[PDB]
Every structure is written in structure tokens, then in C-alpha cells.
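Participant: One structure follows; several queries about it will come next.
Protein chains in written order, with our numbering: chain W, 5 to 103; chain X, 5 to 103; chain V, 5 to 103; chain U, 5 to 103; chain Y, 5 to 103.
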């Protein structure tokens, strides 16, 4: 008769903290190509390139000279998240009642 | 008879904190190509390029010279999120009742 | 008759902390190609390239000279998450009642 | 009659901490190609490349010269997570009642 | 009549800590090709390459010269997780009642 989710019922000096899916200082990288593609009876001929490509349907001579550098790729870097003092807190509570 | 979500019922000196999906100082990078594509009976011929491409349907000589650099890709960098003092707090509460 | 999820019932000087799926200073990298693809009766001819490619359907001579460097790939780096003092806390509570 | 999940019933000076799936300073790298692909009666001819490729359907001479370096692959690096003092705490509570 | 999961019933000066699947300073690398693929009556001809490839359906001479280096592979490195003092704690509680 008192059903309740993350609340606070007939109480005194109570705290509630609830952190869900809380990203704090994160480096999220997501390189995708299909995230929900749904084909029905469909004839598709896609294609993706991340870098250097030499594509064709018909050719006599294809030459590819990578004399330098081809750098690709998904990158996530979490460098110095906390330098010095200072905090990253989540879902924090207290009832400090010093006397 | 007192149904309640993240609130505060017949209480005294209570706190409630609720942080959901709270990004705080995050570096979110998302390089995608399809995020909900839905084909029905459709004939498609797409194509994507992230870099250098030499495409054709018919050719006699294709030459590609990458003498320098081809840098591609999704990048997320979380550099010094907290320098020095100072905080990143979420879902914080207290009932400090010092005496 | 008092059903309740992560709350605080008829109590005194109580704390509750609940951190779920809380990323704090993380380096998340995800390089994917299909994350939910669903084909039904569909004739597809896709293709992806992460680097250097020399593609064709018909050719007489294909030459690929990687004289430099082709660097690809998904990378996640968690560098110095905490330097010096300072904390990364989650789901923290207390009832400090010093006397 | 008092059913309750991770809460705090008719108690006094209690704490509750609950950290679930809490990534703190982690380096997560995930290079995948299919994560939920579902084909039904569909004739597919995909293909992926992470590096250097020399593809064809018909050719007389294919030559590939990797004179430099082809570096690919999924990489996750957890470098100095905690340098110096400072903590990475999760699911922390206390009832410090010093007297 | 008092059924309850990881909470705190009619108690005094109690703590509860519960850390589940809590990654703290971990380097997780996962290079996969299929993670849930489900084919039904579907004729597929996929193919993946992580490195250097010289593919064809018909050829007279294929030559591949790796004069340098082809480095591939999934890598996870957990370098100095804790340097100096400082802790990585999980599921921590106490009732310090010094007198």
C-alpha cells in the first residue's frame, strides 16, 4: 500500500542517490557501418572505404603506391582524467550529524 | 495507496538525487554510415569514402600515389578532465545536521 | 504492503547509493561493421576497407606498393586516469555521526 | 509485507552502496564485423579489409609489395591508472560514529 | 513477510556494499568476426582480412612480397595499474566506532 521506486518513505534524515549510465570523463569512440540496417527483398551493392582505395569494374592496369602513410581506425583516448586533487563522484550521499 | 516513483513521501529531512544518462566531461565521437536504414524491395548502389579514392566503372590505367599521408578515422579524446582541485559530482545529497 | 525498490523505508539516518553502468574515466572504442543488420530475401554485395585497397572486377595487372606504412585498427587508451591525489568514487554514502 | 530490493527498511544509521557494471578507468576496445546479423533467405557476398588488399574477380598478374609496414588490430591499453596517491573507489559506505 | 534483496532490514549501524561486474582499470580488447550471426536458408560468401591479402577468382601470376612487417592481432595491455600509493577499492564498508 506504500509501493515506491527509488524514493524515500516515512523516514527521517535519509538520503538517496542513484546514478545510472552516468558517463563522467569518458572518451567514447564508435566507428560503425550499419547499426540497424533492415533489408527486405532489396538488392544492394554498397561499399565503404576508410583510407586509400583504387576501385574499378574493369581495368587493364591498377597501380597503388603508398609512399607515405595511411592511418585509419577508431580511437578513444582517456588521458589524465584527474590531475592533482579533485574528485569525480557519482551516487554520493551522507547524513553527517556531527556533535 | 501511496504509490510513487523517485520522490519523497511522508518523511522529514530527506534528500533524493537521481542522475540518469548524465554525461559530464565526456568526449563522444560516433562516425557511422547507417543507423536505421530500412529498405523494402529497393535496389540501391551506394558507396562511401573517407580518405582518398580512385573509383571507376571502366578504365585502362588507374594510378594512385599517396606520397604524403591519408589520416582518417573516428577519434574521441578525453584530455585532463579535472586539473587542480574541483569536482565532477552527480547524484549528490546530504542531510548535514551538525550540532 | 511496503514494496519498494532502491529507496529508503521507515528508517532514520540512512543513506542509499546506487551506481549502475557508470563509466568514469573510461576509453571506449568500438569499430564495428554490422550491429543489427537483418536481411530478408535480399541479395547484397557490400564490402568495407580500412586501409589501402586495390579492388576490381576484371584487370590485367594490379600492382600495390606499400612503401610507407598502413596503420589501422580500433584503439582504446586509458592513460593516467588519476595523477596525484584525488579520487574517482561511485556509489558512496556514509552516516558520519562523530561525537 | 515489506518486500524491497536494494533499499533500507526500518533501520537506523545504515548505508547501502550498489555499483553494477561500473567501469572506472577502463580501456575497452572492440573491433567486430557482425554483432547481430540475421539473414533469412538472403544471398550475400560481403567482405572486409583491415590493412592492404589486392582484390579482383579476374586478373593476369597481381603484385603486392609491402616494403614498409602494415599494422592493424584492436588495441586496448590501460596505462598508469593511478599515479601517486588517490583512489578509485566503488560501492563504498560507512557509519563512522567516533566518540 | 520481510523479503528483501541486497538491502538493510530492521538493523542499526550496518553497511552494505555490492559491486557486480565492476571493471576498474582493466584493458579489454575483443576483436571478433561474428557475435550473433544467425542465417536461415541464406547463401553467403563473406570474407575478412586483417593484414595483407592478394585475393582473386582467377589469375595467371600472383606475387606477394612482404619486405617489411605485417603486424596484426588483438592486444590488451594493463600497464602500471597503481603506481605509488593510492588504491583501487570495490565493495567497501565499515562501521568504525572508535571510542
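The C-beta atom is built at its ideal place from N, Cα and C for all residues, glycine as well.
Taking only runs that begin and end inside the segment 15 to 48 of chain Y, name each unbroken beta strand (DSSP E) of 3 or more residues, in chain order.
Facilitator: 21 to 24, 31 to 35 and 42 to 44
Participant: Hey, residue 49 of chain W and residue 49 of chain V are a contact pair by Cβ (cut 8 Å); roughly how many whole angstroms apart?
Facilitator: Indexing the first chain from 1 puts residue 49 of chain W at position 45. Indexing the third chain from 1 puts residue 49 of chain V at position 45. Correct: roughly 5 Å between the Cβ atoms.
Participant: Along the beta strand (DSSP E) that carries residue 77 of chain V, what are the first and last residues, could you check?
Facilitator: What you label residue 77 of chain V is simply residue 73 of the third chain in a count that begins at 1. Per DSSP, residue 77 of chain V belongs to no beta strand (DSSP E) and is neither H nor E.
Participant: Check whether the Cβ atoms of residue 84 of chain X and residue 25 of chain W lie closer than 8 Å to each other.
Facilitator: Within the second chain, residue 84 of chain X is the residue found at index 80, counting from 1. Within the first chain, residue 25 of chain W is the residue found at index 21, counting from 1. Not in contact: residue 84 of chain X and residue 25 of chain W (Cβ atoms no closer than 8 Å).
Participant: Are at least three pairs of beta-carbons, each pair with one atom in the segment 89 to 102 of chain X and one in the segment 61 to 75 of chain V, less than 8 Å apart?
Facilitator: no
Participant: If we count Cβ pairs, one from each stretch, closer than 8 Å, do we get three or more for the segment 11 to 24 of chain U versus the segment 9 to 22 of chain V?
Facilitator: yes
Participant: Taking 6 Å as the limit between beta carbons, can you name the residues of its chain near residue 31 of chain X, skipping five residues before and five after?
Facilitator: Position 27 of the second chain holds residue 31 of chain X. Around residue 31 of chain X: 80, 81 and 82.
Participant: How should residue 42 of chain X be labelled, buried or exposed, when 16 other C-beta atoms within 10 angstroms of its C-beta is the threshold for buried?
Facilitator: Working through the second chain from its first residue, we reach residue 42 of chain X at position 38. Its Cβ having fewer than 16 others within 10 Å, residue 42 of chain X is exposed.
Participant: Using DSSP with H/G/I as helix, E/B as strand and the rest coil, what is residue 83 of chain Y?
Facilitator: Position 79 of the fifth chain, counting from 1, holds the residue named residue 83 of chain Y. If DSSP states are grouped into helix, strand and coil, residue 83 of chain Y belongs with coil.
Participant: Quick check: residue 19 of chain U and residue 44 of chain Y, are their CB atoms within less than 8 Å of each other?
Facilitator: For the purposes of this step, residue 19 of chain U is taken as the residue at position 15 of the fourth chain. For the purposes of this step, residue 44 of chain Y is taken as the residue at position 40 of the fifth chain. No, the pair does not count as a contact, with Cβ atoms beyond the cut-off.
Participant: Assign residue 57 of chain W to one of three DSSP states: helix, strand, or coil.
Facilitator: For the purposes of this step, residue 57 of chain W is taken as the residue at position 53 of the first chain. Reduced to three states, the DSSP call for residue 57 of chain W is strand.
Participant: Taking its Cβ as the centre, do 16 or more other Cβ atoms sit within 10 Å of residue 100 of chain X, making it buried, or is it exposed?
Facilitator: Here residue 100 of chain X refers to the residue found at position 96 of the second chain. By the neighbour-count rule (16 or more Cβ atoms within 10 Å), residue 100 of chain X is not buried but exposed.
Participant: Classify residue 6 of chain V as buried or exposed, calling it buried when 16 or more other Cβ atoms lie within 10 Å of its own Cβ.
Facilitator: Taking the first residue of the third chain as position 1, residue 6 of chain V is located at position 2. Residue 6 of chain V should be labelled buried.
Participant: Does chain A have any CB closer than 8 Å to the CB of residue 26 of chain W?
Facilitator: Of the chains in the structure shown, none is chain A; the protein chains are W, X, V, U and Y.
Participant: What number of angstroms, rounded off, separates the C-alpha of residue 96 of chain W from the C-alpha of residue 97 of chain X?
Facilitator: As a position in the first chain, residue 96 of chain W is number 92, starting the count at 1. As a position in the second chain, residue 97 of chain X is number 93, starting the count at 1. Rounded to whole angstroms, the gap between the alpha carbons of residue 96 of chain W and residue 97 of chain X is 6 Å.
Participant: Since residue 74 of chain X and residue 55 of chain W should fall inside the 8 Å C-beta cutoff, what is the C-beta to C-beta distance between them, to a whole number of angstroms?
Facilitator: The count along the second chain starts at 1 and reaches residue 74 of chain X at position 70. The count along the first chain starts at 1 and reaches residue 55 of chain W at position 51. About 6 Å; that satisfies the 8 Å criterion.
Participant: Output the distance between the C-alpha atoms of residue 61 of chain V and residue 22 of chain W, rounded to the nearest integer angstrom.
Facilitator: The count along the third chain starts at 1 and reaches residue 61 of chain V at position 57. The count along the first chain starts at 1 and reaches residue 22 of chain W at position 18. One C-alpha to the other measures close to 57 Å.
Participant: Assuming contact is defined by CB atoms lying nearer than 8 Å, are residue 103 of chain V and residue 28 of chain W in contact in what I supplied?
Facilitator: Counting from 1 along the third chain, the entry for residue 103 of chain V is found at position 99. Counting from 1 along the first chain, the entry for residue 28 of chain W is found at position 24. No, the pair does not count as a contact, with Cβ atoms beyond the cut-off.
Participant: Does the separation of the CB atoms of residue 34 of chain Y and residue 78 of chain U fall below 8 Å?
Facilitator: Counted from its first residue, the fifth chain places residue 34 of chain Y at position 30. Counted from its first residue, the fourth chain places residue 78 of chain U at position 74. A contact, by the Cβ cut-off of 8 Å.
Participant: Please state if the CB of residue 39 of chain U and the CB of residue 65 of chain Y are separated by a distance shorter than 8 Å.
Facilitator: In the fifth chain, the residue the question calls residue 65 of chain Y occupies position 61. In the fourth chain, the residue the question calls residue 39 of chain U occupies position 35. The answer is no: Cβ separation not under 8 Å.
Participant: Could you tell me which residues DSSP pairs with residue 66 of chain U in its beta bridges?
Facilitator: One-based indexing of the fourth chain puts residue 66 of chain U at position 62. For residue 66 of chain U, which the question treats as bridged, DSSP gives the partners V:66 and Y:66.
Participant: Hey, how far is the Cα of residue 87 of chain X from the Cα of residue 87 of chain W?
Facilitator: By 1-based counting over the second chain, the position of residue 87 of chain X is 83. By 1-based counting over the first chain, the position of residue 87 of chain W is 83. The alpha-carbon atoms of residue 87 of chain X and residue 87 of chain W are separated by roughly 5 Å.
Participant: From the DSSP output, read off the bridge partner residues of residue 97 of chain U.
Facilitator: Sequence index remark: in the fourth chain, residue 97 of chain U carries index 93 (1-based). Beta-bridge pairing by DSSP links residue 97 of chain U to V:97 and Y:97.
Participant: Just list the residues that DSSP pairs residue 52 of chain W with in beta bridges.
Facilitator: In the first chain, the residue the question calls residue 52 of chain W occupies position 48. The partner list for residue 52 of chain W (beta bridge, DSSP) reads X:52 and V:52.
Participant: When burial is assigned at 16 or more other CB atoms within 10 Å of the CB, is residue 46 of chain V buried or exposed?
Facilitator: To locate residue 46 of chain V, count along the third chain from 1; it is residue 42. So residue 46 of chain V counts as buried.
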